[PDB]
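So you can see what is in the structure, the chains are spelled out below.
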Amino acid sequence: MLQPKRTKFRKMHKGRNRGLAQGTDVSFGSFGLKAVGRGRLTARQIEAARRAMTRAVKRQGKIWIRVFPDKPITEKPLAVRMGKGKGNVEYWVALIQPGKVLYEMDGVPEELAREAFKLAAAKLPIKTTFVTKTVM
Amino acid sequence: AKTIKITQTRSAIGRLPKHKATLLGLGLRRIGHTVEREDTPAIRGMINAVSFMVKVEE
Amino acid sequence: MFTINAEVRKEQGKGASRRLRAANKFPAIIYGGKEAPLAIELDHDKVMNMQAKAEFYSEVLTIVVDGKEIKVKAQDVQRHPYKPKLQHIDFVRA
Amino acid sequence: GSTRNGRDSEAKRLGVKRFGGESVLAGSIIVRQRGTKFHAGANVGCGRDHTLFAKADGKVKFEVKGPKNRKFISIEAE
RNA sequence: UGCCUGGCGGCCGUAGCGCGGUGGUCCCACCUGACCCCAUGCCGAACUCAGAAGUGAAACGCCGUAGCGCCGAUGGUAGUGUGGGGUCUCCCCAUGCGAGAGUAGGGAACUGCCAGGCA
RNA sequence: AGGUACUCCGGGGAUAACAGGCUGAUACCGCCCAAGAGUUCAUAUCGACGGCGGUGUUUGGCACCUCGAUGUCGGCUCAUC
RNA sequence: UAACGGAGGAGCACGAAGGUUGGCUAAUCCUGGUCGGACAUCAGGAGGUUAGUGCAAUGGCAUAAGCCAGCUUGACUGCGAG
RNA sequence: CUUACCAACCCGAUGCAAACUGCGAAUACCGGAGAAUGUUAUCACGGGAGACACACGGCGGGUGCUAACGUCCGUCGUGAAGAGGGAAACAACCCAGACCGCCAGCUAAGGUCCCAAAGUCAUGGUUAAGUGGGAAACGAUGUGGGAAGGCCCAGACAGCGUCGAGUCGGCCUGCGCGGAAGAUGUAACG
Ligand SMILES: [K+]
Ligand SMILES: [K+]
Ligand SMILES: [K+]
Ligand SMILES: [K+]
Ligand SMILES: [K+]
Ligand SMILES: [K+]
Ligand SMILES: [K+]
Ligand SMILES: [K+]
Ligand SMILES: [K+]
Ligand SMILES: [K+]
Ligand SMILES: [K+]
Ligand SMILES: [K+]
Ligand SMILES: [K+]
Ligand SMILES: [Mg+2]
Ligand SMILES: [Mg+2]
Ligand SMILES: [Mg+2]
Ligand SMILES: [Mg+2]
Ligand SMILES: [Mg+2]
Ligand SMILES: [Mg+2]
Ligand SMILES: [Mg+2]
Ligand SMILES: [Mg+2]
Ligand SMILES: [Mg+2]
Ligand SMILES: [Mg+2]
Ligand SMILES: [Mg+2]
Ligand SMILES: [Mg+2]
Ligand SMILES: [Mg+2]
Ligand SMILES: [Mg+2]
Ligand SMILES: [Mg+2]
Ligand SMILES: [Mg+2]
Ligand SMILES: [Mg+2]
Ligand SMILES: [Mg+2]
Ligand SMILES: [Mg+2]
Ligand SMILES: [Mg+2]
Ligand SMILES: [Mg+2]
Ligand SMILES: [Mg+2]
Ligand SMILES: [Mg+2]
Ligand SMILES: [Mg+2]
Ligand SMILES: [Mg+2]
Ligand SMILES: [Mg+2]
Ligand SMILES: [Mg+2]
Ligand SMILES: [Mg+2]
Ligand SMILES: [Mg+2]
Ligand SMILES: [Mg+2]
Ligand SMILES: [Mg+2]
Ligand SMILES: [Mg+2]
Ligand SMILES: [Mg+2]
Ligand SMILES: [Mg+2]
Ligand SMILES: [Mg+2]
Ligand SMILES: [Mg+2]
Ligand SMILES: [Mg+2]
């Protein structure tokens, strides 16, 4: 479960999630799993998809995770009223915009990369698509 | 010199204050009201600001 | 051997470019040398098939625009963020 | 529970009081600032809290000058 | 008039670094002495004074050179004022404004006043 | 400085407790992917890590209706979907 | 420019830590050096403010507002265009 | 010597920031000038107040669960204090601001088969689900369109060497299908 080792501040404004992604090319491997939709990826989701990916290729090749969950999310406990300060940090997310390459793979055939990425996408709350490296 | 005719085509109810002030500067008082104004860049700028609710007869 | 047919653009900017891509074309620019840059439109389907060949990005191409032939190299390409489409190409005069 | 926050200070109404081209009388404050984001040019003084004020009547003028590309405010006699 | 140098400015990296070369009649610098005017929380290192044997080594100036910094379009993209729309957490259309980054490319500053040397 | 369940007046649904409402975190019920368990065998039967919904049934959030009164838990009688 | 929104501070200090004149320039590291060590003082180099600011944070600061020294009381009284 | 090794620094490549900034808009705001328009719409002084419980909607946000017809700000609109027409019914949405009378006319939003005023209008397409007229991940030879590709009279694909004309599966895209259980009565087009 990824999570910043330390941060300047404990809590963060909700913010919004507009725009298209930066980092839309396969930059490290040969195959990538790219986001088509918009949303949040929790650290548990990122890790559940990593495990499914890694078991499918029998821990061969190499896998990059291009996203990191650096945004803390707070929640108010059950049976607590409104007010009395911001809630407690409960988990961490990465904000995803369309076009974001989420994972990359190398050192395996394309057919196996497609199958491994399919099993991973089934763990994620956002629609995705399989991409390959381009020369330009 | 040259003049143009401007007619108000939509209501002013609920428009932005700047838009109401522009209709005032053109002299337009109601839907269907037509005024005749000199053709200057200042007049053309006022028409441009409220072009969605006026029509020009060149 | 790669030949591309193009037209000179008669309208530029955000609105004109989005109307191009909604009509299955896309804009591009030819610059370099001492000639002024030339803004052109390409048919999206034809060029998207050609650029799938790796030699598109290494060879010297020919852009036929208004009858005249121009020798160029592909210099930069803007791709759609997640669809398999092209938004723009820079061509440098060769 | 309760919060350990909830404090703030009153707003200080800093910023530019007379913009470029404005005619001012001697003594008029041109900008209030913490430290010298703007520096005093011709016919302008710098107060103890780094307020820039006109030392003569005239028109406000902003300009970038010097080796550090610093911003200066001066008064053009009118 | 041209070349070279010193001083005071304009300008504030297209003007700054690096690398390579180059200049001593003059100017500049290092330099030579110091009982002194003056100076070192010790030191004539610095500041200061009295000088002119030596050297352009350092520094400085000048010339060269893209390894850098720096500057930088065109086109597209992002955003956005107004009006309209959708499947409305986000977008699209008409119109106006239009980046940042990156690309081609540019680029080894330019200039005013006075003074001195040389031709 | 305190107490009032011995209490009292003027007010408020401007404001809580019951029931309604909005909501659906929580709860409950479906589903998707399939690590595995199941001698072998993912899918007879279970389904880890994660994902998507439905209900309005729980615990709650809100304070919109009622404070010039909308009587409570359980039992009994009678039910209806 | 609000919330029982997110984070930190004050209820002083200083006759110099104030005035002025003259001067000065940081952190950190590397190398060599008696005791001496990861770290003391010395020398050179790299570096270029990554230091400093009586005390939070922000905006400033090289012409320094940072560091050192001499002399000092303008930490003056009455007023004050704007 | 060796590393299961860990590796800071620096170099190269990739992201993220309300309390990061070597960049940086649109708007907004301040000032000056000019025309046209506006019943001085501006400023000052004086007589009289009311008000200091706001609501919803749009946009930019904090909080909450990007829950609430929730809560707290900024800004615009309407309600409040505003009737008429539309959205079945529906303060706050859309159109539009009612001085009075008319058994005249043209339009707005929204509409034109009957209830119910006006096209059972014209032309070209799509859907077969009453979809239209409630919903997701995901599933599928539904069906329309488009650009490529593989194989094929040197006989493909299916069936069983035969057989003789197409065949295969990706991509993008329009409309539909399943996923889809609730309580008085059809009851999710009025
Ligand atoms: K240079
Ligand atoms: K009492
Ligand atoms: K008692
Ligand atoms: K729900
Ligand atoms: K619900
Ligand atoms: K279900
Ligand atoms: K009551
Ligand atoms: K029952
Ligand atoms: K002093
Ligand atoms: K002193
Ligand atoms: K509002
Ligand atoms: K009104
Ligand atoms: K139906
Ligand atoms: Mg924002
Ligand atoms: Mg636009
Ligand atoms: Mg403040
Ligand atoms: Mg000397
Ligand atoms: Mg030399
Ligand atoms: Mg630019
Ligand atoms: Mg040089
Ligand atoms: Mg008792
Ligand atoms: Mg009573
Ligand atoms: Mg209740
Ligand atoms: Mg309840
Ligand atoms: Mg109430
Ligand atoms: Mg309320
Ligand atoms: Mg009730
Ligand atoms: Mg009653
Ligand atoms: Mg009753
Ligand atoms: Mg206010
Ligand atoms: Mg307020
Ligand atoms: Mg000094
Ligand atoms: Mg001082
Ligand atoms: Mg103005
Ligand atoms: Mg009050
Ligand atoms: Mg109030
Ligand atoms: Mg309010
Ligand atoms: Mg809002
Ligand atoms: Mg809110
Ligand atoms: Mg409310
Ligand atoms: Mg709300
Ligand atoms: Mg009232
Ligand atoms: Mg009304
Ligand atoms: Mg009505
Ligand atoms: Mg009605
Ligand atoms: Mg009619
Ligand atoms: Mg009829
Ligand atoms: Mg239906
Ligand atoms: Mg469906
Ligand atoms: Mg029934």
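Residues numbered from 1 in each chain as written, not as in the entry; some residues may be left out. Chains lettered and ligands numbered in written order. Part of a larger assembly, values for the part shown. Heavy atoms only, no water. Residues with missing side-chain atoms left out of burial classes, pairs and counts.

Under the annotation held in the PDB entry, chain C carries the name 50S ribosomal protein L25 and is attributed to Escherichia coli B. In the PDB, the title recorded for this entry is "Translating 70S ribosome in the unrotated state (P and E, tRNAs)". If you open the UniProt record of chain C and go to Sequence similarities, you find "Belongs to the bacterial ribosomal protein bL25 family." (UniProt positions renumbered as here; feature names shortened; annotations may be inferred.)

Taking the PDB entry as the reference, chain A is identified by name as 50S ribosomal protein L16 belonging to Escherichia coli B. The UniProt entry for chain A carries the following comment under Subunit (literature references left out): "Part of the 50S ribosomal subunit. Cross-links to the A and P site tRNAs. Interacts with assembly factor DarP(YjgA)." According to UniProt, the comment filed for chain A under the heading Sequence similarities is "Belongs to the universal ribosomal protein uL16 family."

## Examining the interface of chain C and chain A
Tallying the contact residues gives eight residues for chain C and eleven residues for chain A. Contact between chain C and chain A buries roughly 730 Å² in total, counting both sides, with carbon and sulfur atoms accounting for 74%. Counting every contact that joins chain C to chain A gives zero salt bridges. Inspection of the region where chain C meets chain A yields two residue pairs in polar contact. Among the residues forming the side of chain C that touches chain A, the class breakdown is five nonpolar, one polar and two charged. (Contact = heavy atoms within 4.5 Å. Buried area = accessible area lost by both parts, 1.4 Å probe. Salt bridge = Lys/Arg side-chain N within 4 Å of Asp/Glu carboxyl O. Polar contact = N/O pair within 3.5 Å; in protein donor to acceptor, adjacent residues only side chain to side chain. Nonpolar A, V, L, I, M, F, W, Y, C, P; charged D, E, K, R; others polar.)

## Re the sheet that holds strand β6 (residues 52–54) of chain D
Taken in spatial order, the four strands make up an open sheet running β1-β3-β6-β5 (chain D), and their pairing is antiparallel. At either margin of the open sheet sits one strand with a lone partner, and together these are β1 (15–16) and β5 (44–46) of chain D. (Pairing = 2+ DSSP bridges. Helix = DSSP H or I, 4+ residues; strand = E, 2+ residues; numbered from the N terminus.)

## Concerning the protein's contact with RNA strand H
Around RNA strand H there are 42 residues in total, and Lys 11, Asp 70 and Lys 86 of chain A, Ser 11 of chain B together with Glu 22 of chain D lie nearest to it. The sugar-phosphate backbone supplies 61% of the atoms of RNA strand H found within 4 Å of the protein. Between RNA strand H and the protein, one listed contact pairs a base nitrogen with a backbone N or O atom of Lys 11 of chain A at 2.7 Å. Within the side chain of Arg 29 of chain B, one N or O atom sits 3.1 Å away from a phosphate oxygen of RNA strand H. Top contributing element to the surface near RNA strand H by residue count: helix α1 (residues 17–26) of chain B, with five residues. (Near = heavy atom within 4 Å.)

## Details of the protein's contact with RNA strand E
Residue and element names in this part refer to chain C. Residues in contact with RNA strand E amount to 28 residues; listed here are only the nearest, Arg 9, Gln 12, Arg 21, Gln 78 and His 88. Here, RNA strand E places atoms within 4 Å of the protein, and 71% of those atoms are sugar or phosphate. Take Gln 12: an N or O atom from its side chain is 2.9 Å from a phosphate oxygen of RNA strand E. Taking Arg 18, its side chain carries an N or O atom lying 2.9 Å from a phosphate oxygen of RNA strand E. Those elements that place two or more of their residues in the surface near RNA strand E are α1 (14–22), β2 (25–31), β5 (68–79) and β6 (86–93). The greatest single-element share of the surface near RNA strand E, amounting to five residues, is contributed by α1. For the surface near RNA strand E, the residue count by class is six nonpolar, twelve polar and ten charged.

## Describing the arrangement of the chains
Pairwise contact counts over the two pairs of chains in contact peak for chains A and C. No part of chain B reaches chain C; the closest C-alpha pair between them is 19 Å apart.

## Some words on the side chain of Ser 28 of chain D
All names here are of chain D. For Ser 28, the location among the structural elements is in the loop between β2 (23–24) and β3 (29–32). At a separation of 2.8 Å, a polar atom in the side chain of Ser 28 contacts the main-chain carbonyl oxygen of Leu 25. For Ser 28, the residues in contact, after removing those within four places along its chain, are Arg 18, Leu 52, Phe 53 and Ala 54.

## A word on the pattern of salt bridges
Opposite charge on two side chains permits pairing when their charged atoms draw close. According to the stated counting rule, one finds eleven salt bridges over all chains in the structure shown. The shortest N-O distance in the salt bridge between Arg 44 of chain B and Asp 39 of chain B comes to 2.9 Å. The partner of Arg 19 of chain C in a salt bridge is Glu 11 of chain C, and the shortest N-O contact between them spans 3.9 Å. When its relative accessible area of 53% is taken as the criterion, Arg 19 of chain C is described as exposed. The network of salt bridges with shared partners includes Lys 2, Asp 39, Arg 44 and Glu 58 of chain B. (Buried < 20%, exposed > 50% of the residue type's maximum accessible area, 1.4 Å probe, protein only.)

## Section: the packing of aromatic side chains
A full pass over the atoms with the stated rule returns six aromatic pairs over all chains. With a centroid separation of 5.8 Å and 70° between ring planes, the pair formed by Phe 2 of chain C and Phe 56 of chain C is classed as edge-to-face. In this pair, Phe 2 of chain C sits in the segment before β1 (3–8) while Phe 56 of chain C sits in the loop between α2 (44–50) and β4 (61–65), placing the two residues 54 residues apart along the sequence. Residue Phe 2 of chain C shares its accessibility class with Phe 56 of chain C, and that shared class is buried. Among the aromatic residues, those joined into a cluster by ring pairs are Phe 31, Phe 117 and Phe 130 of chain A. Lying over the aromatic face of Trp 64 of chain A, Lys 62 of chain A brings its terminal NZ or CZ to 5.5 Å of the ring centre. (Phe/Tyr/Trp six-rings, centres within 6.5 Å; stacked < 30°, edge-to-face > 60°. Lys NZ or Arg CZ within 6 Å of the ring centre and 35° of its normal.)

## Quick notes on the layout of surface pockets
The computed volume of the largest pocket comes to approximately 670 Å³. Taken together, 27 residues line the largest pocket, and the ones lying closest to its centre are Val 131, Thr 132, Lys 133 and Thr 134 of chain A together with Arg 79 of chain C. Among the elements that make up the lining of the largest pocket, the one with the highest residue count is strand β7 (residues 128–132) of chain A (four residues). (1 Å grid on protein atoms, 1.4 Å probe; cavity = no way out; pocket = protein on both sides within 12 Å on 5 of 7 lines; lining within 4 Å. Points joined across faces, edges and corners; volume = space filled by probe spheres on them.)

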